[PDB]
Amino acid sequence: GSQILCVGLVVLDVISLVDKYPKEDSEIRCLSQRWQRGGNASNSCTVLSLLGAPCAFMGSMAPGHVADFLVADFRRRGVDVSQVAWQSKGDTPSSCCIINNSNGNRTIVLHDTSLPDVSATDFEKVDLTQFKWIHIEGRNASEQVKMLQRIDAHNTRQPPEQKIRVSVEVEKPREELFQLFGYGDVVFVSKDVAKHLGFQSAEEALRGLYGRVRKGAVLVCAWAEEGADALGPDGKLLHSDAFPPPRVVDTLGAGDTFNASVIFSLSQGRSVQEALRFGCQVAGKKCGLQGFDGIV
């Protein structure tokens, strides 16, 4: 296997750049506008391609002009779109993103079209042999657990040399998703999910949630500008300071940059410490740039 598969969402980000965030009932005029392809699994694909990794995307899309824009962007990047689960019923999701130029803060108003999510049936149809690593963005937990069990089954039949590495992301504080803790060799838990569970630091979260992971898995938690932490089976907490840019201009997709960079580094055989550090390095570079161009 050579490719890195990212299973999750693709969203059209209808971005506006403002000098100051608007006050409810106001009329600000934006600096600039752009269409950017978004969604967590989608943004991680952009980053992996830029990092020089052969990657593929798996997500639901509806035939139409929004899909044509997204597909052309995926293709322009060299993202393998051959795994896309095309839906006959529904529309492709989009969102209004407000990026504050004075601090880089991103405010998203998402429109979730109720496009059916990728099923365990869609996933059974995939020939796993081309993949080196499979990353799943937590969405439809019950259906994704069946996908994770399929990869587990594949791997039991494989020599250690050709075992598919698996990562999982729990970004939304949804009780259903917490069963995914659970599966995978690398588990990414968000600051928002951690705070929701009552943890006030990435060290508190990793010590509190490590009991929920599979034997020998690595639990990772990025805490924005405070840097990121990781905890493996050795019980040794690992840390990396952030690499903040002198001027933070766009934080939209920073966490996705972190996830893809950590996945990349580990796929390349680097240590968890090296990977934590690289993840923050790339996430920080991206924060001082508009979009993903120039992160390398």
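Take the two forms, superpose them, and find the largest set of C-alpha atoms that agree within 1.5 Å; that set is the rigid core. Quick note: we count residues from 1 along the sequence shown, nothing fancier.
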item	value
Larger mean CA deviation from the shown form in 8 other deposited structures of this protein [core fit; 248-256 vs 28-36]	28-36
Of 275-283 and 17-25, which departs more from this form in 8 other deposited structures of this protein by CA RMS after core fitting	17-25
Mean temperature factor over C-alpha atoms, higher-scoring stretch between 281-289 and 6-14	6-14
Mean C-alpha temperature factor, higher of 227-235 and 61-69	61-69
Selection from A120, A222, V166, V218 [criterion: highest C-alpha temperature factor in the record]	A120
Of the residues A202, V187, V81, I99, the one carrying the largest Cα B-factor as recorded	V81
Chain-wide C-alpha B factor ranking for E24, given as lowest, middle or highest third	highest
